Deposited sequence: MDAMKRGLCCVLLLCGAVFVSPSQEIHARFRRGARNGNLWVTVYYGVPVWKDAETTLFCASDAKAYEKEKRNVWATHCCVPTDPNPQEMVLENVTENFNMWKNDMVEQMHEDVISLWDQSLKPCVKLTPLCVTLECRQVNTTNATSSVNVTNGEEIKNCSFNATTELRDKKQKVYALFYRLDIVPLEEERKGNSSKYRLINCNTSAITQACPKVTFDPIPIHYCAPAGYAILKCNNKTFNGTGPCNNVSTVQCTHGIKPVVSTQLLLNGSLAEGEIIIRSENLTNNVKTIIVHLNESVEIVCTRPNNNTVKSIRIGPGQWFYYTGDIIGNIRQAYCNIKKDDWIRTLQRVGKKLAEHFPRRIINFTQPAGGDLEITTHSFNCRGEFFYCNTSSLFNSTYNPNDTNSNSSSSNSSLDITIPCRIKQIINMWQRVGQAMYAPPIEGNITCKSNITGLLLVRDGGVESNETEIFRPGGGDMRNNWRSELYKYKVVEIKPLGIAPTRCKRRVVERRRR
């Protein structure tokens, strides 16, 4: 009957804001240094229905920018390997090559001859090759840009990080155990911070993620579009154990006034290729279930899991990081199956030291070695597939765009600005 103004009204709008990181010499501990509340309260909003859309979610963009930002900042004060773009002379080890080069010393009027083992992937043949003989070579991606050494004292091990909303905003979490990305959700709950999200960098297979509560969920922006990436959230993990067996002996040298360069001085014992053992029975079960789900989404079609096409190494292999060692594994032996609706697997892996992260050109990183052999037990929790696009559907491993990885953990969350000012009718005037 009469207008009335209320303040403190529970009304919100979709909005974008800079969420601040908080977690309970790691870069993810220096950043995200804000502590998290013990037992953060989740308030369930009864009868509230909210439209979620995991794609076009600004939280994913913020996480992408924050992740690369920390990596770039963390590499800023480190040693630039500009003195090491010189002629190497490599002659095989009595995959890996025993290169030799004249590196600079702290004194400008001095040089030092250095013998270092470099992976063949990290080198470019400057001169014609020569089998056992020593040929001239150069470090890869030198001409593109200077190579910055990742600091040995700074570790990039992922830790669970929570993205908290600033004051005046809130986060809405969908609590539906089977909910495709873009659509309404009935079971919404308000929160101040996300769950513990580990920013694990990988391709093809999502590692150390969060398992789906219900079945295996297939989320894709446009399934009928063959350009979009399908994200498969698994409801059960699969164990994969990665390992570099080589027993490295790591040396160091001074390439400047306080600039230390760490390289693989030697390998003790036999030289063997790195590999990943994934549990066979669990993998076969997982692929069968994913095939049935894809058949449900793609009726009257045979579901073929094949190897990726012949692109670059960074995009045709399961790439990941284990204690700073950068593995690229050939998962062709895994995606080698077919579902018709009508004892470990060993995966060879190459290892690189000169890395071009985030699909960028002109910013390379040198990942120094680690003495000894290396092992990492990671849980595969999700897959990144791409439909080739016949009466048969071909799904290949995908990835490369790290956005999807962040989205794989941020599909639940939405950011909303609170509009406390509201107007409603009442039964009385001002007077």
### Message
Checking coverage: what stretches of the deposited chain sequence are missing C-alpha positions?
### Response
1-38, 63-70, 141-154, 403-414, 462-465, 508-514
